[PDB]
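There is one chain below, alone, in structure tokens, taken in the form deposited in one PDB entry.
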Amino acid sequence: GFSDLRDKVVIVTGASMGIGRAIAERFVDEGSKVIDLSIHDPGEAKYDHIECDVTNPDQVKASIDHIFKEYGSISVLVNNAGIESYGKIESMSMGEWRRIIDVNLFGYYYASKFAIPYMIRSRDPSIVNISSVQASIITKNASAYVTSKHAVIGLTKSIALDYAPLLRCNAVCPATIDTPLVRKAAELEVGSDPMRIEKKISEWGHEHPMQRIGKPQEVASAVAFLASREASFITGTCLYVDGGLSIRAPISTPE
């Protein structure tokens, strides 16, 4: 582990499930003081939780003031809350398309905007944004999702450049990870039959050079590294946690 994360105040958005939850759980294991900002209840959890809608600037600011005055500081902000729906730019309603941008992008902008003034009062604060391997190689009929993930990269670089050297800001670009959302994605394609869903997830896993999809904990490992002093000279980049997906051309060669 990273001993410097102990006792540090860490905020994770959208951590009541999946990747966000594995991230919150890793920081708890690192001895940090973790606060989950999300609309859903994480139920039984080793970390604190605050009902908060990341797209509601008034709720976000208030939740961040509560954390700072209650804890005394904020060292790490992990922007993770996000969503996805499918459809061509032609069929998906404009409302649904803007909503995806609002959650996946504006939610990061709001949390970052209000947390930064408090974070820079701490020693070496760090922000980690969860993007996607789709900030590079993309999927079909995911216009809004793909756009928001590219936008997150731009926000990450600009925050990194605007606040260096006091604060660092990096992104994590995961490929297919074993989460409920990915489970839903499979289902929306092969039905509710959980065994077919397993064959589907397996097909995706085999497209990754590592021959399997990733685990939430593996994304959390990258987040913990980037948030620690071990990444002291690392800022403005995306650490790809994709089992080699982004460097693989789907073209066979003689074996």
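Start at 1 with the first residue shown and count on from there. We call the rigid core whatever largest set of C-alpha positions still superposes within 1.5 Å between the two forms.
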Segment of higher mean CA temperature factor, 148-156 or 97-105: 97-105
Residue stretch of maximal mean CA temperature factor, 129-137 vs 87-95: 87-95
Member of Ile213, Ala227, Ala220, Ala186 with the greatest C-alpha B factor (per the PDB record): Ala186
Out of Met17, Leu239, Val12, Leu245, highest CA B-factor residue: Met17
Chain thirds of CA B-factor: placement of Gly72: middle
Assigned third (lowest, middle, highest) for the C-alpha B factor of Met119: middle
For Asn79, the third of its chain into which the C-alpha B factor falls: lowest
Third assignment of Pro165 from its chain's C-alpha B-factors: middle
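Below, we turn to the form deposited in another entry, even though it does not appear here.
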Position with Cα shift of 2 Å or more, rigid core superposed between this form and the one not shown, options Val133, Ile116, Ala185, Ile153: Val133
Core fit, then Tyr86 C-alpha moves 2 Å or more between this form and the one not shown: yes
Distance trend in that other deposited form - C-alpha atoms of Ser132 and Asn104, change of 3 Å or more: closer
Change in CA distance between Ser202 and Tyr86 in that other deposited form, which is 3 Å or more, as closer or farther: farther
